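Just one chain is shown here, as structure tokens, and it is the form deposited in one PDB entry.
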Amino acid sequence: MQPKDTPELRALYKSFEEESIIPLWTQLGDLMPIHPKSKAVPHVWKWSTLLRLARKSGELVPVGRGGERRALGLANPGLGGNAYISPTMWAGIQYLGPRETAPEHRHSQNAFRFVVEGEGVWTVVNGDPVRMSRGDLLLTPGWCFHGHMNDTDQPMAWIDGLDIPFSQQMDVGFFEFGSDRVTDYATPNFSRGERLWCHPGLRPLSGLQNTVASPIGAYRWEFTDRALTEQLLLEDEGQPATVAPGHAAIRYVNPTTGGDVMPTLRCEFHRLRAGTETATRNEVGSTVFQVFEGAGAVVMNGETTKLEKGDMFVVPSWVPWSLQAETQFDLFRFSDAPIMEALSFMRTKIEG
């Protein structure tokens, strides 16, 4: 507003209200901001806290009661009690107890599982049984049947990433329950997907068709490790490879395409040489990082926070960020960048 206030002016606004009209001129210039100004706020979650609350939940929330969906969603303080870590992503610590099972469902929302501690648990994706290990990235791409079974007396914890907040806000979700059909879990070290698609530079003649989401069920830790190590080795030998000095990094990729793992979520993994400081970045859309191994710190909006093994933080859109590595510093990273990029909304500013 800025029409000089008036009995008739007020009459007008009355009739708006009454006809579902909201006028653009009274409309708080956050409607069209000079740059992104997210409701979501930068925030870190200490792993020691997450872990403690995870365990206690597996002492108090049994199957039948609340367990079954035993996942601690990280809720962004800025998102009015929604349980969104960012406008576009859901990130939760899922705590799977001894011998525990989940029946099969399917949903349009895209999802991954990054395993933090544990082993001997299979997520069965479209009938294909996928083993889980510390450091593995698992995909359960939209509209693929998934459930899981813990084959062990030991608990497991993984990060659950989904595009739930995007899909809720944009009205895009469907959900189906599995038929009464029986999932008699096989137990293989390697899923059929991996056995077919995890041979570098080779494609089976039976998979000539490109796919919207990756047919790789798990991107195993051995390969991620090997690839980052090799990037640092190359650097030592004076060869081009790292994204920036002392900065090893890979993007997990759909092999049929070279593109992202799934339409709405990008996954990366970074390894910072001890003492590396990344150049400050402004990026459209939101990212979540989790510290896999090592210790260092983040800077967001000029403010520093020390990080250790397991901690997670989110950088909402256009918040300037950089990472500083005390030790060798290994991070897992997911973002909503494919959304941004598909729609030409991506922009990047680099301090350097």
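Rigid core (definition): largest C-alpha set, two forms, superposition within 1.5 Å. Heads up: residue numbers just count along the shown sequence, starting at 1.
We do not show the form deposited in another entry, though everything after this point is about it.
Only one entry in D236, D171, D180, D153 has its C-alpha moved by 2 angstroms or more between the shown form and the other one when the rigid core is superposed, and that entry is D180. Annotation: Cα of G64 displaced by at least 2 Å between the shown form and the other one, core superposition.
Closer approach of the C-alpha atoms of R181 and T101, by 3 angstroms or more, is seen in that other deposited form than in the present form. In summary, the C-alpha positions of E68 and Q154 diverge in that other deposited form, ending up at least 3 angstroms farther from each other than in this conformation.
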